[PDB]
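Below, chains carry the letters A, B, ... as their sequence lines are ordered, and counting in each starts from 1.
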Amino acid sequence: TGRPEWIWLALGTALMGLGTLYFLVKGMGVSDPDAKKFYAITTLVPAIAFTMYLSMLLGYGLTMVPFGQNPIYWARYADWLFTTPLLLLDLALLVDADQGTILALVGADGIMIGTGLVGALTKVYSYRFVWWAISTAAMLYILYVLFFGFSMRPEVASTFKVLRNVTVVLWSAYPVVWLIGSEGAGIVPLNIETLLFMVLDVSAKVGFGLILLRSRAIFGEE
Amino acid sequence: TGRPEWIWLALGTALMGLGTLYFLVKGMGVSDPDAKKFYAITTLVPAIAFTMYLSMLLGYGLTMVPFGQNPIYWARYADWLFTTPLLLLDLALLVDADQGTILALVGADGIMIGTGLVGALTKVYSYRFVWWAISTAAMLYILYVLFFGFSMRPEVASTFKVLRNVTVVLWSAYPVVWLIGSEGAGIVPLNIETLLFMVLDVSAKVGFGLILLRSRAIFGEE
Amino acid sequence: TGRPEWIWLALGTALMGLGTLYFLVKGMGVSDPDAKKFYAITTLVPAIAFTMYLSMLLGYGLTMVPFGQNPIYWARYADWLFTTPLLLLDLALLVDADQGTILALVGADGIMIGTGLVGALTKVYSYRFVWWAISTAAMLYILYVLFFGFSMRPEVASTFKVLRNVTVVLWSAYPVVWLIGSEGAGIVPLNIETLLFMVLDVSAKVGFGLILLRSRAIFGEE
Ligand SMILES: *C/C=C(C)/C=C/C=C(C)/C=C/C1=C(C)CCCC1(C)C
Ligand SMILES: *C/C=C(C)/C=C/C=C(C)/C=C/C1=C(C)CCCC1(C)C
Ligand SMILES: *C/C=C(C)/C=C/C=C(C)/C=C/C1=C(C)CCCC1(C)C
């Protein structure tokens, strides 16, 4: 509690935990294989985030990087490495995407997160932003595929449309927060940055899942 | 050989190596695609464990963690990260599990191992057990799915029943050994802990594989 | 630019980048799901390599290992961990390989790279070569499967034959370069070793992809 941002890490942990438990209870008794995939994917997402928010709260998921002793929460990338592709899989399964398109998405996502991590830990200040730029190019490619790389059922199309729009908006904020926060230019304090990421993460995982798991799009059509 | 536990790391290495070679020879000439998956999965398991037991023997897979300079063999988690999901896949393929259920299993398993590793390396003593608890919750979820989340063929059902029972028993010992050994309360010396893990690992990988690969459950039914 | 090998890391970065962009443009408008998989796989390969060549150029992907202060470019293994299995998947998809065989290949490849990395970072000089030997055994197993573990269409068979022959030749050079270069016996300077790896990598990723993506083997047969 010596670090001002502890409050948002604590709240983040609690909200991911509760979301995980909610999705877990909700998924009880589901027999439809299609719906099972969506529950499995959607429940794992906040469960993973829970563990990484906890690691940050307890101080395990924090390291000091010298550029310009900067506190970098590296645990976010461990979280994102797994949760972002899973979120993309939810969208991909919804629309019955070709395997080729899933691979494209998952691979671009690995690059986005991997280069983001490299940027986060880079000791030469100017180079951090080179990695930011490549990571953003990978994000833009993902956004492109989501709008132009590909829903047959009307309920599938409408849910996909919503979750896709939710994704483009929230995901796009991440590079901006990084850029202006402690990993980037340092204009916004780590405390506020942590709050922004918490709001983003919770919306993109728990908000996302609520929207998805309450839709009948997740069941094969009697 | 300056570390008393070297003998069990040496034996572990030899037993995983021989098991790998046995499974490799045995799988020669197998043409049935189903049986091929089982051999591939079951042979990779001890092959991976071989490499990580070797890394521990030679001292690469050991680090010192300050809490309470504690010797932590981190290589176990590198091994388990890959071998535990593969073992779960063997069981899952056997019963023709839905993809949703496989994802649930694999994901819960990643969490179990990942939080186990975080626990192993955590520098605040009390917090190590928080991570132990979350990892155990993930294990219990796996055990639950194995008994209640789902075999049609009688030979499939019987083999599955055996391998499942083998799994519940041996896997459950792992958290207990951790808790009382050098990663946890330090009641049992690293030397004995290493022996216990060796016996467990060899039974859960080589014993498991022997049981599976001698069964006709692994072939599609003339 | 203080390190003589910077020139080859710079060229490597440029060539992977251009190859990525070429494959990206070329894959535009492709609707055939089969062809989509090949483009996705084949474009991701140099894209990944691009990022890791960049990391090496900027000095992030380099560490000092004490044996015999040896400069080890660890980023190569981060690259190879993902790009080698993807290259094997290209070959595997081409021939419609059984899932069992894909798993065998991917798993053996993970072992090859993982033990290679362990070897690269090992502090006891003699032991480095133990890891080299195990990694090579895994490579030889891959080479075996590629020739004896399994093409129906004549265009599929011919393209596969070429890409397979390209693979056996180039991949086999890697262990030799390691052995004689800075990770191994230190007979050939890091500068020359980096050049050799650059030529190899570019041929095995961009040369490979050119050959594959210009073939009609990648489309399902009007
Ligand atoms: C649950 C977490 C989510 C949905 C996280 C999404 C994160 C991103 C889309 C991050 C993107 C970034 C870049 C595009 C540039 C570099 C910094 C990153 C990693 C924040
Ligand atoms: C071949 C290796 C096997 C089957 C290993 C299984 C290991 C576990 C089930 C470990 C479980 C653990 C917990 C449940 C709590 C924390 C400590 C661990 C990682 C030993
Ligand atoms: C694009 C990169 C490619 C195709 C890299 C292939 C690399 C190898 C086949 C490396 C093999 C190695 C061994 C067999 C022994 C130890 C050293 C390695 C990792 C270079």
What distance do [X] atom [atom1] and [Y] atom [atom2] have between them, rounded to the nearest 0.5 Å?
X      : Y      : atom1 : atom2 : answer
C/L105 : C/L88  : CG    : CG    : 5.5 Å
C/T167 : C/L91  : OG1   : CG    : 4.5 Å
C/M112 : C/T136 : CE    : OG1   : 9.0 Å
B/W171 : B/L200 : CH2   : CG    : 12.0 Å
C/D98  : B/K37  : CG    : NZ    : 9.0 Å
B/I102 : B/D109 : CD1   : CG    : 12.0 Å

Please report the closest heavy-atom contact between [X] and [Y], naming both atoms and the distance.
X      : Y      : result
B/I111 : B/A138 : CG2-CB, 4.2 Å
B/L24  : C/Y141 : CD2-CE1, 4.4 Å
B/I41  : B/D90  : CG2-OD1, 3.2 Å
C/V118 : C/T122 : O-OG1, 2.6 Å
B/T159 : B/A217 : OG1-CB, 3.6 Å
B/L213 : B/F38  : CD2-O, 4.1 Å

side-chain contact (heavy atoms from CB on, under 4.5 Å) evaluation trace for C/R76 with C/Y53: CA-CA 8 Å; C/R76 313 198 174 279; C/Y53 265 88; 3.8 Å; yes
Going by heavy atoms in the side chains, are [X] and [Y] under 4.5 Å from each other?
X      : Y      : value
B/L121 : A/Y60  : yes
B/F50  : B/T13  : yes
B/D32  : B/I218 : no
B/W6   : B/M56  : no
B/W74  : B/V65  : no
B/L210 : B/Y22  : yes
A/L54  : B/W131 : yes
B/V124 : A/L58  : no

For residues C/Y73 and C/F197, establish whether the separation of their ring centroids is below 6.0 Å.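 Here the rings of C/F197 and C/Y73 have centres that are no less than 6.0 Å from each other.
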Exercise answer: donor-acceptor pairs, residues 173-186 of chain B side-chain atoms, under 3.5 Å, sequence neighbours excluded:
residue, atom, partner, partner atom, Å
B/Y174, OH, B/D201, N, 3.2
B/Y174, OH, B/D201, OD1, 2.6
B/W178, NE1, B/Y77, OH, 2.9
B/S182, OG, B/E193, OE1, 2.9

Carefully, step by step, assess B/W80 and B/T83 under the rule side-chain contact (heavy atoms from CB on, under 4.5 Å). CA-CA 5 Å; B/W80 300 340; B/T83 59; 4.2 Å; yes
Stepwise side-chain hydrogen bond (donor to acceptor under 3.5 Å, both in side chains) check, B/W8 with B/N191: CA-CA 8 Å; B/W8 311 120; B/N191 179 45; 3.2 Å; yes
Donor-acceptor pair, side chain of [X] and main chain of [Y], under 3.5 angstrom:
X      : Y      : answer
C/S135 : C/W132 : no
B/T43  : B/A40  : no
C/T51  : C/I48  : yes
A/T84  : A/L81  : no
C/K205 : C/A49  : no
B/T20  : B/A47  : yes

C/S172 meets the side-chain contact (heavy atoms from CB on, under 4.5 Å) criterion, sequence neighbours left out, with C/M139, C/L143, C/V168
Applying the side-chain contact (heavy atoms from CB on, under 4.5 Å) test to B/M198, which of B/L196, B/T194, B/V202 qualifies? B/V202
Plane angle bin for C/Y125 and C/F129 - parallel if under 30°, tilted between 30 and 60°, otherwise perpendicular: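 Judged by the thresholds at 30° and 60°, the geometry between C/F129 and C/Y125 is perpendicular.
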